[PDB]
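J.: Structure below; questions to follow.
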Amino acid sequence: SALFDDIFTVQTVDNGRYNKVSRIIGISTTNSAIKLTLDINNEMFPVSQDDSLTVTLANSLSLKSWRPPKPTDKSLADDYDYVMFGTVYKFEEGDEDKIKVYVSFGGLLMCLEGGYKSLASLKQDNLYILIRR
Amino acid sequence: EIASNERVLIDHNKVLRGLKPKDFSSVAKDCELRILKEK
Amino acid sequence: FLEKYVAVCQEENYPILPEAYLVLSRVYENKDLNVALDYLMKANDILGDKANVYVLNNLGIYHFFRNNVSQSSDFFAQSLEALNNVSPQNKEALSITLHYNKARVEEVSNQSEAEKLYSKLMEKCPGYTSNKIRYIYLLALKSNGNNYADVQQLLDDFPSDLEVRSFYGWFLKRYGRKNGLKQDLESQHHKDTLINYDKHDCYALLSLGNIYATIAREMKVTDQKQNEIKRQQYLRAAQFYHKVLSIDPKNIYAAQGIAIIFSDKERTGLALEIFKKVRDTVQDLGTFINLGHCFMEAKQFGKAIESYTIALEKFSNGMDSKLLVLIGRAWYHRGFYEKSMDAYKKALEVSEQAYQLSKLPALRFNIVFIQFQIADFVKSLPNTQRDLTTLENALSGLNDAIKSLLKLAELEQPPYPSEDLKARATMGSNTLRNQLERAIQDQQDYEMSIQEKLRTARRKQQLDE
Amino acid sequence: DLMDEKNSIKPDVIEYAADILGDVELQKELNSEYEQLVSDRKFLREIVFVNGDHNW
Amino acid sequence: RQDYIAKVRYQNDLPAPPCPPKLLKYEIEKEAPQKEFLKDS
């Protein structure tokens, strides 16, 4: 079902030029050297410095034309506060245990740096990012 | 007088919530539908 | 209304009454401790020298919940200093309360001063219950639960106290086999507590559910009737957990028991979801151990390895042998199902470290089994996928495993029968050793052929030049 | 170079990585390719584009 | 079945009671001081 789970602490929140988009940098509590850079929508999911986020990555939401979800049906997204859908445009096989995954959620960019052991399963075309706080 | 003056910050049932509570109502509903109503 | 009152007073430049801030802090106690602490600090700043013992004590407790040990200690010291100005009627009660709080801070810091203040308060006021509970709990920790008489006496003193009964049940669950008491004695105690005192106590219900789950798990299954009785015990435990959830749907332990029952019922997905939610809620050693177990049942061996490693580093600090056993088992499973040699090497190294920490026959047999599997896997591998060094290490491990099998067969009570050990050692020594030597010879021939080709090519190149 | 093992084609990119080292006819083909590339480099760098411009 | 020896035991043991320090009620948390304060002229 899911491909990756972890808990991060936000080191920095960079608003920059934009009013609705912020770039956050986080590091996994359990396993260091696993970094996360992510663009999020401030209005619908505001985050502050030193917050704790539960980030989950999945290739599907189950338990081609989009339609508004019926209230009756249920999906993985019901457990989280913020869900995005993107495409992986670069899977970098770099150093011995340095793997970078670049995802683009409609122009909102994410880079997940980590080891091959954790990120081996992230070699997909599309990914969902589910965030809980 | 001590018992009247004493107040406890968190309740006996609510002690598992603490500073961050979470809801498992869906988990309870699934447990009821799949254990008590299990066939 | 209080926020509007504060805003109107600020616009009118009028002195804000600190009582409104105290009421706001009391209301926010059940909603937001941060806002309550901020309002209490504002009230203290407004009062200045008019600060009372209650405000300082609540500030100290707020910083204690905020893990601000230094600030909590300073606020408690200021409260103790201001205690001298208390009216004599409530002076004894407030002194007892402040001494209890100071003893709690000591119990966090150093147990000796906590025991001293506990003895002082017990002589001052024997009727208080929390003091006796904490003192007997520290005595049980120091004496490794050799004070069952004290626990029984405390139970007799306050049979109607829910806290005393819960502590007594916790002591029973901790040292029932050590004290040789009845298995169902705690069950009858919790049943009496629920029937006669309070049927909505989640602690006794969870204790009964755990006891019933243990009884069902230890119950032998022989036919459909025994399975039905075990399912009935699990249904009783699930009814206890569902009653707990009805009392409070935010109970992590009830969900944990439900997930354990689902794991016993092989409902791996629901247990995995519940354990992930629990890990998101709270992070202790047990949650990580259950997550690793579920990942092993869910065949996600890499996530199990990560979960066990995080558990060991966070809590066990590389000292517990059981987590090392789990790490070795997970690595062996990943290596077996994925045909990876490095997983076998890591499992062997972890098992060797665990044995050097313990030196037990079970880990000796684990090392022997791991080395036998290593030799079998290397022999099954082609020549192009292995080298001479791996063959030599596998052969040496095979020799050490055969010697250790002979050693285990000479023991008093080995984990497996000595006949099986001798038969497996003979079966390995007859065939696997010779197959390893043939593999070594083939690998040597392959390397020699490569070197012959490499040396012959260069001479022809030089002749052409 | 098919002789030196650390200056050859990687083994995870080709399925025939085993029976490739030591060949001489294939090494001759690779040398012919490299000599042609060196001739092209000399030609472009010395006759056609002398200032090093390479975006055309 | 001669294989790796490992024991699986789920840990759901209830912790000991924490017995946290008790809050002290304010003067305005008692009915009689409330009656005195609200009836102020």
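J.: When you count, for each residue, the other Cβ atoms within 10 Å and take the mean per peptide, how do C:366-376, D:38-48 rank with the highest first?
T.: Final packing ranking: C:366-376, D:38-48.
J.: Let me ask something else about it. Assuming 0.36 nm per residue, please report the length gained on full extension of the stretch C:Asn30 to C:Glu410 beyond their Cα-Cα distance.
T.: Value of the extension gain: 130.3 nm.
J.: Viscosity 0.692 mPa s, temperature 37 °C: give me the Stokes-Einstein translational D for chain E in µm²/s, with Rh taken as the Kirkwood radius over C-alpha pairs.
T.: The Stokes-Einstein estimate is 199 µm²/s.
J.: Can you list residues whose amide H is under 5 Å from C:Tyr416's amide H, if they're 5+ apart or on another chain and H is modeled 1.01 Å from N?
T.: Long-range HN contacts for C:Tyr416: none found.
J.: Over 22 Å between C-alpha atoms is what I'm after, so list which of C:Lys230/C:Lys276; C:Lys299/C:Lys322; A:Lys74/C:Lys303; C:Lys460/D:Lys10; A:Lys100/C:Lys303; C:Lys299/C:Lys403 land there.
T.: C:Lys230/C:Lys276; A:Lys74/C:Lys303; C:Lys460/D:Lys10; C:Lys299/C:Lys403
J.: Can you tell me the equivalent ellipsoid semi-axes for the range C:220-352? Use √(5λ) from the Cα gyration tensor, largest first, whole Å.
T.: Three semi-axes, in Å: 31, 19, 12.
J.: Could I ask something else about it? Considering only C-alpha atoms, what is the centroid distance from the range C:133-178 to the range A:56-124, in Å?
T.: So the separation of the two Cα centres works out to 51 Å.
J.: What ranking do D:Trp56, C:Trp170 get, fewest neighbouring Cβ atoms within 10 angstrom at the top?
T.: Listing D:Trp56, C:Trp170 from fewest to most nearby Cβ atoms yields D:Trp56, C:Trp170.
J.: Using the alpha-carbon atoms, what tilt in degrees (0 to 90, nearest 10) does helix C:129-143 show relative to the longest principal axis of chain C?
T.: Orientation of helix C:129-143: about 30 degrees from the principal axis.
J.: Report the one residue of A:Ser62, A:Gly94, A:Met110 whose Cα lies farthest in the direction of the positive end of the charge dipole of the range A:10-132 (charges on C-beta: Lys and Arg +1, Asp and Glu -1; origin at the Cα centre).
T.: So the residue we want is A:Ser62.
J.: Residue by residue, what Karplus-based ³J(HN,Hα) values in Hz, rounded to whole numbers, does the range E:25-41 have, using 6.51, -1.76 and 1.60 with θ = phi - 60° and x for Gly and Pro?
T.: Ordered by residue, 3J(HN,Hα) equals 5, 5, 4, 7, 8, 9, 5, 5, x, 4, 4, 5, 6, 5, 7, 5, 8 Hz.
J.: If one takes the longest principal axis of the Cα atoms in chain C, at what angle in degrees, from 0 to 90 and to the nearest 10, does the Cα axis of helix C:185-196 lie?
T.: For helix C:185-196, the angle is close to 40 degrees.
J.: Going 7 Å from the Cα of D:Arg41 along its beta-carbon direction, which residues of the range C:438-465 have the amide nitrogen within less than 11 Å of the resulting point?
T.: Nothing falls inside the zone, counting backbone N under 11 Å.
J.: Further, regarding this structure: May I ask you to compute the full-extension gain from C:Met448 to C:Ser396, defined as 0.36 nm times their residue separation minus their alpha-carbon distance, rounded to one decimal in nm?
T.: 16.4 nm is the gain from fully extending C:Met448 to C:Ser396.
J.: For chain C, what are the per-bin percents of Cα-Cα distances with bins 10 Å wide, up to the bin holding the maximum?
T.: 4, 12, 17, 20, 17, 12, 8, 5, 3, 2, 0, 0
J.: Also: If you only keep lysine pairs separated by 8 or more in sequence, or across chains, how many in the range C:53-182 come under 23 Å at the Cα atoms?
T.: Count of close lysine pairs: 22.
J.: Same structure again: In nanometres, what is the gap between the two model label sites at C:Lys220 and E:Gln34, each 7 Å from Cα along Cα-to-Cβ?
T.: About 6.4 nm, to one decimal.
J.: Taking the protein assembly as shown, how much of its Cα-Cα pair set, in percent, is spaced more than 39 angstrom apart?
T.: Cα-Cα pairs in the protein assembly as shown separated by more than 39 Å: 56 percent.
J.: Normalised radius of gyration for the range C:1-40, please: alpha carbon Rg relative to 2.2 N^0.38 Å, two decimal places.
T.: Against the compact-globule rule of thumb, the ratio is 1.16.
J.: So, one more: Over 24 Å apart: what share of the alpha carbon pairs of chain A falls there, rounded to a whole percent?
T.: I get 28 percent for the Cα pairs in chain A exceeding 24 Å.
J.: Projecting each Cα onto the charge dipole of chain D (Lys/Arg +1, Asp/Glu -1 at the beta carbon, about the Cα centre), which of D:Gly52, D:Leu21, D:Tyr34 comes out farthest on the positive side?
T.: Selected residue: D:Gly52.
J.: Sticking with this one: Cα axis of helix C:162-179 to longest principal axis of chain C: angle in degrees, 0 to 90, nearest 10?
T.: Once rounded, the angle reads 30 degrees.
J.: Short version: ³J(HN,Hα) in whole Hz for each residue of the range B:6-21, in order, from phi by Karplus 6.51 cos²θ - 1.76 cosθ + 1.60 (θ = phi - 60°), x for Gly and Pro, what are they?
T.: So the Karplus estimates, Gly and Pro as x, are 5, 9, 10, 5, 10, 7, 5, 6, 7, 5, 6, 6, x, 7, 9, x Hz.
J.: Ok, one more. Name the residues whose placed amide hydrogens come within less than 5 Å of the amide hydrogen of A:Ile25, ignoring near sequence neighbours (fewer than 5 apart) on the same chain.
T.: Long-range HN contacts for A:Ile25: A:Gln11, A:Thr12.
J.: What is the distance, in nm, between label points placed 7 Å from the Cα along the Cα-to-Cβ direction at C:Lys199 and at C:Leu463?
T.: It is 10.2 nm.
J.: Working out 0.36 nm times the residue gap between C:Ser358 and C:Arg177, then minus their Cα-Cα distance, what length gain in nm do you get to one decimal?
T.: Extra length from C:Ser358 to C:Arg177 when fully extended: 62.8 nm.
J.: Also: Could you give me the ³J(HN,Hα) list for the range A:111-117, computed from phi with Karplus coefficients 6.51, -1.76, 1.60 and θ = phi - 60°, whole Hz, x at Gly and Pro?
T.: 10, 10, 9, x, x, 4, 4
So basically every Cβ, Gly included, is an ideal-geometry build from the backbone, and we count neighbours across all protein chains shown. Bear in mind these aren't lab numbers, they're just calculated from the coordinates by the rules spelled out.
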